[PDB]
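Engineer: Below: one structure in C-alpha coordinates.
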Amino acid sequence: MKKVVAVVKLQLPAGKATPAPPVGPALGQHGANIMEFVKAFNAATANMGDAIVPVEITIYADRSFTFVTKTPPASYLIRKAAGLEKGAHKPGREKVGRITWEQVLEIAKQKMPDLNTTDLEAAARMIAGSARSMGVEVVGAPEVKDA
(Lines give C-alpha, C1' and ligand atoms only; values in the text may rest on other atoms or scores of the structure.)
Protein backbone atom coordinates (compact mmCIF):
# COMPACT_ATOMS: atom_id res chain seq x y z
CA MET A 1 0.00 0.00 0.00
CA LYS A 2 2.59 2.54 1.14
CA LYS A 3 0.55 5.47 2.48
CA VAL A 4 1.64 8.74 4.08
CA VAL A 5 0.17 7.78 7.45
CA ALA A 6 2.22 10.59 8.99
CA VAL A 7 5.35 12.72 8.66
CA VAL A 8 8.00 14.14 11.00
CA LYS A 9 8.47 17.91 11.24
CA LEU A 10 11.75 19.36 12.53
CA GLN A 11 14.07 22.31 11.95
CA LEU A 12 17.86 22.52 12.19
CA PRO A 13 20.70 24.80 11.02
CA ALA A 14 22.80 24.00 7.95
CA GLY A 15 25.87 21.95 8.80
CA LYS A 16 25.02 20.49 12.20
CA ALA A 17 24.43 16.80 11.50
CA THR A 18 24.93 14.97 14.80
CA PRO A 19 24.65 11.34 15.97
CA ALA A 20 21.93 12.46 18.38
CA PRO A 21 19.34 14.09 16.08
CA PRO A 22 15.80 15.11 17.13
CA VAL A 23 14.52 12.05 15.26
CA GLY A 24 17.29 9.64 16.21
CA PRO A 25 15.19 7.56 18.63
CA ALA A 26 12.21 8.24 16.37
CA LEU A 27 13.87 6.79 13.27
CA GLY A 28 15.52 3.71 14.75
CA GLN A 29 12.14 2.02 14.42
CA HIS A 30 12.29 2.52 10.65
CA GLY A 31 15.81 2.59 9.23
CA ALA A 32 17.73 1.68 12.38
CA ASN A 33 20.67 3.67 11.01
CA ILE A 34 21.83 6.80 12.83
CA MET A 35 25.15 7.48 11.12
CA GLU A 36 23.56 6.55 7.79
CA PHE A 37 20.91 9.16 8.58
CA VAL A 38 23.28 11.89 9.77
CA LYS A 39 25.91 11.69 7.03
CA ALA A 40 23.04 12.40 4.63
CA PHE A 41 22.45 15.72 6.39
CA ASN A 42 25.94 17.09 6.99
CA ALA A 43 26.34 16.95 3.21
CA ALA A 44 22.83 18.21 2.46
CA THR A 45 22.05 21.02 4.91
CA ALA A 46 25.63 22.24 5.34
CA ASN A 47 25.67 22.65 1.56
CA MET A 48 23.96 26.04 1.68
CA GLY A 49 25.59 28.86 3.63
CA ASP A 50 24.43 29.40 7.20
CA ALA A 51 20.66 28.95 7.25
CA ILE A 52 17.82 26.85 8.67
CA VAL A 53 16.61 23.93 6.55
CA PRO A 54 13.78 21.90 8.14
CA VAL A 55 13.29 18.39 6.76
CA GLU A 56 10.06 16.40 6.51
CA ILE A 57 10.94 12.70 6.66
CA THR A 58 7.67 11.25 5.37
CA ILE A 59 6.86 8.06 7.28
CA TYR A 60 4.87 5.71 5.05
CA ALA A 61 2.58 3.01 6.43
CA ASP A 62 5.42 0.65 7.30
CA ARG A 63 7.61 0.10 4.23
CA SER A 64 9.96 3.05 3.73
CA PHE A 65 10.39 6.79 4.32
CA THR A 66 11.34 9.95 2.44
CA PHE A 67 13.45 13.06 3.07
CA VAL A 68 14.18 16.40 1.41
CA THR A 69 16.12 19.55 2.27
CA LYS A 70 14.46 22.93 1.75
CA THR A 71 16.70 25.53 0.10
CA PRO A 72 17.37 28.90 1.79
CA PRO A 73 15.39 32.11 1.16
CA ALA A 74 16.07 34.50 -1.72
CA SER A 75 17.44 36.98 0.82
CA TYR A 76 20.51 34.76 1.12
CA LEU A 77 21.29 35.85 -2.44
CA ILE A 78 20.32 39.50 -2.02
CA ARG A 79 23.26 40.00 0.34
CA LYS A 80 25.43 39.26 -2.69
CA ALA A 81 24.52 42.49 -4.49
CA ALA A 82 25.23 44.87 -1.62
CA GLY A 83 27.82 42.71 0.10
CA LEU A 84 26.53 42.13 3.62
CA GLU A 85 27.12 38.40 4.08
CA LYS A 86 30.11 36.39 2.87
CA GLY A 87 30.74 37.29 -0.77
CA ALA A 88 33.45 37.85 -3.36
CA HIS A 89 34.09 38.60 -7.04
CA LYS A 90 32.15 41.87 -7.32
CA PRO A 91 32.09 44.66 -9.93
CA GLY A 92 32.94 47.33 -7.37
CA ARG A 93 36.16 47.76 -5.40
CA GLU A 94 35.32 47.39 -1.71
CA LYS A 95 31.92 48.80 -0.76
CA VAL A 96 28.68 47.40 0.65
CA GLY A 97 25.12 48.71 0.81
CA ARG A 98 22.78 49.91 -1.92
CA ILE A 99 22.67 48.30 -5.36
CA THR A 100 21.23 48.75 -8.85
CA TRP A 101 18.46 47.05 -10.81
CA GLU A 102 21.19 45.00 -12.48
CA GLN A 103 22.12 43.15 -9.29
CA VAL A 104 18.56 42.16 -8.37
CA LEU A 105 18.23 40.62 -11.83
CA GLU A 106 21.57 38.83 -11.45
CA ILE A 107 19.82 36.75 -8.78
CA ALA A 108 16.26 36.61 -10.09
CA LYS A 109 17.63 34.78 -13.13
CA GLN A 110 18.80 31.70 -11.23
CA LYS A 111 15.67 32.15 -9.12
CA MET A 112 13.41 31.03 -11.97
CA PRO A 113 13.23 27.28 -11.23
CA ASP A 114 9.48 27.14 -10.58
CA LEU A 115 8.61 30.82 -10.92
CA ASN A 116 5.94 31.15 -13.60
CA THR A 117 7.85 33.95 -15.32
CA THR A 118 10.21 34.21 -18.30
CA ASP A 119 11.08 37.91 -18.35
CA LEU A 120 13.80 38.90 -15.88
CA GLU A 121 11.94 42.14 -15.15
CA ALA A 122 8.72 40.20 -14.60
CA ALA A 123 10.44 37.99 -12.03
CA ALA A 124 12.40 40.81 -10.38
CA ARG A 125 9.32 42.96 -9.76
CA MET A 126 8.87 40.91 -6.59
CA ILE A 127 12.58 40.73 -5.78
CA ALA A 128 12.72 44.53 -5.72
CA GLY A 129 10.29 44.68 -2.81
CA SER A 130 11.90 41.85 -0.86
CA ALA A 131 15.30 43.09 0.29
CA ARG A 132 13.49 46.34 1.12
CA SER A 133 12.33 44.51 4.25
CA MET A 134 15.90 43.91 5.40
CA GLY A 135 17.25 47.44 5.03
CA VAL A 136 18.43 48.09 1.48
CA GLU A 137 17.68 50.94 -0.91
CA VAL A 138 16.43 49.74 -4.30
CA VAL A 139 17.74 51.81 -7.21
CA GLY A 140 17.60 51.52 -10.99
CA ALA A 141 13.91 50.64 -11.22
CA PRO A 142 12.34 53.57 -13.11
CA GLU A 143 8.81 53.76 -14.51
CA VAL A 144 8.46 50.26 -15.96
CA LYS A 145 6.42 49.52 -19.09
CA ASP A 146 3.43 47.21 -19.52
CA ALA A 147 1.96 46.95 -23.01
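Here, A, B, ... name the chains of the C-alpha coordinates in the order displayed, residue numbers run from 1 inside each chain, and ligands are numbered from 1 in the same displayed order.
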Write out, as JSON lines, each residue of segment 34-93 of chain A that has an atom at most 10 Å from segment 127-135 of chain A, together with the closest pair of atoms and their distance in Å to one decimal, counting only C-alpha atoms, rows going by chain and rising number.

Structural biologist:
{"residue": "A:74", "atom": "CA", "partner": "A:127", "partner_atom": "CA", "distance": 8.2}
{"residue": "A:75", "atom": "CA", "partner": "A:131", "partner_atom": "CA", "distance": 6.5}
{"residue": "A:76", "atom": "CA", "partner": "A:131", "partner_atom": "CA", "distance": 9.9}
{"residue": "A:77", "atom": "CA", "partner": "A:131", "partner_atom": "CA", "distance": 9.8}
{"residue": "A:78", "atom": "CA", "partner": "A:131", "partner_atom": "CA", "distance": 6.6}
{"residue": "A:79", "atom": "CA", "partner": "A:131", "partner_atom": "CA", "distance": 8.5}

Engineer: As a list in words, please: the residues near residue 105 of chain A (cut-off 10 Å, only C-alpha atoms, same-chain neighbours under 5 positions excluded).

Structural biologist: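 Near residue 105 of chain A, the qualifying residues are residues 81, 100, 110, 111, 120, 121, 122, 123, 124, 125, 127 and 128 of chain A.
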
Engineer: Counting only C-alpha atoms, which residue out of A:97, A:91, A:113, A:15 sits closest to residue 43 of chain A?

Structural biologist: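 Between A:97, A:91, A:113, A:15, the residue approaching residue 43 of chain A most closely is A:15.
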
Engineer: Here is a test: counting only C-alpha atoms, which residue of A:67, A:42, A:61, A:50 is nearest to residue 8 of chain A?

Structural biologist: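 Of the candidates, the smallest distance to residue 8 of chain A is held by A:67.
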
Engineer: Out of A:73, A:136, A:62, A:80, which residue has the shortest atom-to-atom distance to residue 3 of chain A when counting only C-alpha atoms?

Structural biologist: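 Smallest separation from residue 3 of chain A among the options: A:62.
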
Engineer: With a distance cut-off of 12 Å and only C-alpha atoms, select the neighbouring residues of residue 5 of chain A, excluding the residue or stretch itself and same-chain residues fewer than 2 positions from it, and output the selection as number ranges by chain.

Structural biologist: A: 1-3, 7-8, 57-65

Engineer: I need the chosen residues saved as an mmCIF file, in the first residue's frame, with N, CA and C atoms.

Structural biologist:
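Now in result_38.cif:
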data_model
loop_
_atom_site.group_PDB
_atom_site.id
_atom_site.type_symbol
_atom_site.label_atom_id
_atom_site.label_comp_id
_atom_site.auth_asym_id
_atom_site.auth_seq_id
_atom_site.Cartn_x
_atom_site.Cartn_y
_atom_site.Cartn_z
ATOM 1 N N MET A 1 0.827 -1.201 0.000
ATOM 2 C CA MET A 1 0.000 0.000 0.000
ATOM 3 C C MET A 1 0.865 1.257 0.000
ATOM 4 N N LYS A 2 1.705 1.390 1.021
ATOM 5 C CA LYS A 2 2.588 2.544 1.139
ATOM 6 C C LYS A 2 1.788 3.842 1.150
ATOM 7 N N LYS A 3 1.329 4.240 2.332
ATOM 8 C CA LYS A 3 0.552 5.465 2.479
ATOM 9 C C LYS A 3 1.231 6.426 3.450
ATOM 10 N N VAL A 7 4.043 12.185 9.019
ATOM 11 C CA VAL A 7 5.353 12.715 8.662
ATOM 12 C C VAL A 7 5.963 13.495 9.821
ATOM 13 N N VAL A 8 7.287 13.439 9.933
ATOM 14 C CA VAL A 8 7.995 14.142 10.996
ATOM 15 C C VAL A 8 8.338 15.567 10.579
ATOM 16 N N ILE A 57 10.796 14.129 6.935
ATOM 17 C CA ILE A 57 10.941 12.703 6.665
ATOM 18 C C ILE A 57 9.588 12.000 6.675
ATOM 19 N N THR A 58 8.971 11.902 5.502
ATOM 20 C CA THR A 58 7.672 11.252 5.375
ATOM 21 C C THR A 58 7.741 9.794 5.814
ATOM 22 N N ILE A 59 6.898 9.429 6.773
ATOM 23 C CA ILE A 59 6.862 8.062 7.280
ATOM 24 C C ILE A 59 5.672 7.297 6.714
ATOM 25 N N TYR A 60 5.926 6.498 5.683
ATOM 26 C CA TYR A 60 4.875 5.710 5.050
ATOM 27 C C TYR A 60 4.201 4.786 6.061
ATOM 28 N N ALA A 61 3.291 3.950 5.572
ATOM 29 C CA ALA A 61 2.576 3.014 6.432
ATOM 30 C C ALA A 61 3.546 2.195 7.277
ATOM 31 N N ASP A 62 4.441 1.473 6.611
ATOM 32 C CA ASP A 62 5.424 0.647 7.302
ATOM 33 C C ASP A 62 6.337 -0.058 6.305
ATOM 34 N N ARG A 63 6.734 0.661 5.260
ATOM 35 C CA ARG A 63 7.606 0.104 4.234
ATOM 36 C C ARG A 63 8.908 0.894 4.139
ATOM 37 N N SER A 64 8.791 2.188 3.858
ATOM 38 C CA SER A 64 9.959 3.052 3.735
ATOM 39 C C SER A 64 9.617 4.486 4.128
ATOM 40 N N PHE A 65 10.588 5.381 3.978
ATOM 41 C CA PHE A 65 10.391 6.785 4.319
ATOM 42 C C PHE A 65 11.079 7.692 3.303
#
